[PDB]
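What follows is one structure encoded as structure tokens, with my remarks underneath.
Each answer follows from the model by the rule given with it, or from the source it names; these are not laboratory values. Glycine gets a Cβ as well: all are built from the backbone with ideal geometry, and neighbour counts include every protein chain shown.
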């Protein structure tokens, strides 16, 4: 089939900059059979450009598609807060449809350090027989942050899960939540529980801990 | 012009089948192609098949190798999508889409690209059975607190704070799938430390699949 | 674009079968390199399990075609029948469509099918023109169809 490769994976810019998205094809696609789509979190995709260069109805003039053969380009002249989303290219030239992997256009702000809060497991949860330790990283940019768990200064691995919120429309920052899962018995055999956080906006790894 | 209304969310066991329907609205039903595109949680779009109802011509993504059957009921203007022998990796949002058209009425020129989309149907494939969540408090310048919504199935869970009267600083994180097959999420809120002793904070958890509604007051230990 | 030559229009005599109709409307496309040599049998095979009879109000219209992999270049072949020849209904009705106008489609992309049914809408729309198709001669039908479809897509 015809493979579509989008570039870049993430585009980080402030409102007002030009946004240029590239879609490369492994074979030539007819311009009549190429289309761009926009998808916001929680919603279905929306048609932006069809026929490689024609705007769908109700799509503002700041969107312009171009290209032919194997190289297609989507341009956004002055990016606006409602233009930040994921964009997919699509072809349907040879009786089959393929999409690109998607390009997330994110709001670019100044570097922001995260606030770290560690939460010991609640009393009613230990009654049930399990111990969950939560490490919260609140309002940071960029998204790239690394959390690490240490019990009695012993690095943990394979017993925790992470979750990152979408970019907040408030301050353009991200938030992260990690959850260290332990049995009730293993939670008693240790004293100190810590979550060490490394981020671009931190001069050194910040550590928040508590004593059981 | 055209509206596509799909059926509700579905929960199925691995190896079973799913029939998603999609009812069309104002506009020629048979003259334009209907397509089905799915999207796994956190991933991209995958085409499954297209159908032209007027000629009853269906074109499939050959990667499914017969696992997909797409039919169209012209009398009720409804298209159907049947995915058999389901695997856990088939968990995705299944979209109904109609190709766009330049103009209006019977002479609207087909465009090819998908201009009209359905709201999407969530299909969860898992061996887990329905379970309501248990809610544990995350007890607390500025301070943080929250509630842990652990061990529930299926998605989704809606979380509010003080019956919606608290929306500043709230962050409900996307749920994680645990090794047991049950989901877990966290909902935190940053508040002033000076309010801890005198401001009530209540996390409202509603799990519609199990009709479970939990209110957990959060206080410092 | 799409190729539409003068010899792609042809009147067919009486007592012709459905297969002879398809074979006759495929000869110009085969001789011009628009399709594979086996294009006639592939259209016959599709029409048997995916009929293309359209119960148009003036006269019956049929649109026999096949998959795109047997098509080299986009073209249409028009055949005017002397007597009504039944093509089973593409809708699903248990009774067929008495057809007098046949459009043999050879498109290179499955997703253009909906766009080519739209071109035939521009020819089918005029009731009086469908009546004239049965009385006009060969070159009269070609000029009228060429210009009517030329108003949008590129021809020849």
I want to confirm something. Restricting to the range A:8-43 and keeping residues that are surrounded by 21 or more Cβ atoms within 10 Å (Cβ to Cβ) and at the interface with chain B (Cβ under 10 Å from one of its Cβ atoms), which single residue is farthest from residue B:174 (Cα to Cα)? A:33
Single residue of C:41, C:139, C:95, C:128 found to be more than 14 Å from chain A (Cβ to nearest Cβ) and assigned to a loop (DSSP other than H, G, I, E, B): C:95
Could you grab me the full set of residues in the range B:97-137 that are more than 11 Å from chain A (Cβ to nearest Cβ) and closer than 30 Å to residue A:128 by Cβ? B:122, B:124, B:125, B:126, B:127, B:128, B:129, B:130, B:131, B:132, B:133
Members of the range C:57-91 found to be within 14 Å of chain B (Cβ to nearest Cβ) and more than 14 Å from the chain's Cα centre (by Cα), listed by number: C:57, C:67, C:68, C:69, C:88, C:89, C:90, C:91
Counting residues that are farther than 22 Å from residue A:174 by Cβ, which strands (runs of 3 or more DSSP E) fully inside the range B:135-195 reach at least 3? B:142-152
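Which residues, counting only those in the range A:57-82, are crowded, with 21+ Cβ neighbours inside 10 Å and farther than 16 Å from residue A:24 by Cα?
To start, the set of residues in the range A:57-82 that are crowded, with 21+ Cβ neighbours inside 10 Å comprises A:65, A:72, A:74, A:76.
Within the range A:57-82, A:76 is the sole residue that qualifies.
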Could you check residue A:79 against (1) under 30 Å from residue B:192 (Cα atoms); (2) assigned to a loop (DSSP other than H, G, I, E, B); (3) under 21 Å from the mean Cα position of the chain (by Cα) and say which number it fails? (1)
Condition check for residue A:203: part of a loop (DSSP other than H, G, I, E, B) and either within 14 Å of chain B (Cβ to nearest Cβ) or under 30 Å from residue A:18 (Cα atoms) (or both): no
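Give the residues of the range B:84-99 that are farther than 13 Å from residue B:121 by Cα and either touching a strand residue (DSSP E or B) at 6+ places or on another chain (Cβ under 7 Å) or buried (at least 16 other Cβ atoms within 10 Å of the Cβ) (or both), sorted by residue number. So that I can check it myself, show each step before the final result.
Taking the range B:84-99 first, the residues farther than 13 Å from residue B:121 by Cα are B:84-89, B:98-99.
If the condition is that a residue be farther than 13 Å from residue B:121 by Cα and either touching a strand residue (DSSP E or B) at 6+ places or on another chain (Cβ under 7 Å) or buried (at least 16 other Cβ atoms within 10 Å of the Cβ) (or both), then B:86, B:87, B:88, B:98, B:99 are the ones that fit.
Restricting attention to the range A:123-131, does a residue exist that is assigned by CATH to the domain that holds residue A:199, more than 30 Å from residue C:67 (Cβ to Cβ) and part of a loop (DSSP other than H, G, I, E, B)? Reasoning before the result, please.
From the range A:123-131, those assigned by CATH to the domain that holds residue A:199 are A:123-131; that's our starting set.
Next, from what is left, pick out any that are more than 30 Å from residue C:67 (Cβ to Cβ): A:123-131.
Restricting the remaining residues to those that are part of a loop (DSSP other than H, G, I, E, B) gives A:129.
The answer is yes, given that some residue of the range A:123-131 is assigned by CATH to the domain that holds residue A:199, more than 30 Å from residue C:67 (Cβ to Cβ) and part of a loop (DSSP other than H, G, I, E, B).
Say we look at the range A:105-123 and pick out the residues that are within 11 Å of chain B (Cβ to nearest Cβ) and in contact with a strand residue (DSSP E or B) (Cβ under 6 Å, 6 or more places away or on another chain); which of these is farthest from residue A:207 (Cα to Cα)? Steps first, answer last, please.
As a first pass, look at the range A:105-123 and keep what is within 11 Å of chain B (Cβ to nearest Cβ): A:115-123.
Restricting the remaining residues to those that are in contact with a strand residue (DSSP E or B) (Cβ under 6 Å, 6 or more places away or on another chain) gives A:115-122.
On the way: A:115: 11, A:116: 8, A:117: 10, A:118: 9, A:119: 13, A:120: 15, A:121: 18, A:122: 21 Å.
By that ranking, first place goes to A:122.
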Condition (residue is more than 19 Å from residue A:41 (Cβ to Cβ), over 21 Å from the mean Cα position of the chain (by Cα), assigned by CATH to the domain that holds residue A:10 and not in a helix (DSSP H, G or I)) applied to the range A:98-112: is it met by at least one residue? yes
Does any residue of the range B:43-57 turn out to be within 11 Å of another protein chain (Cβ to nearest Cβ), outside any strand (DSSP E or B) and under 30 Å from residue A:132 (Cβ atoms)? yes
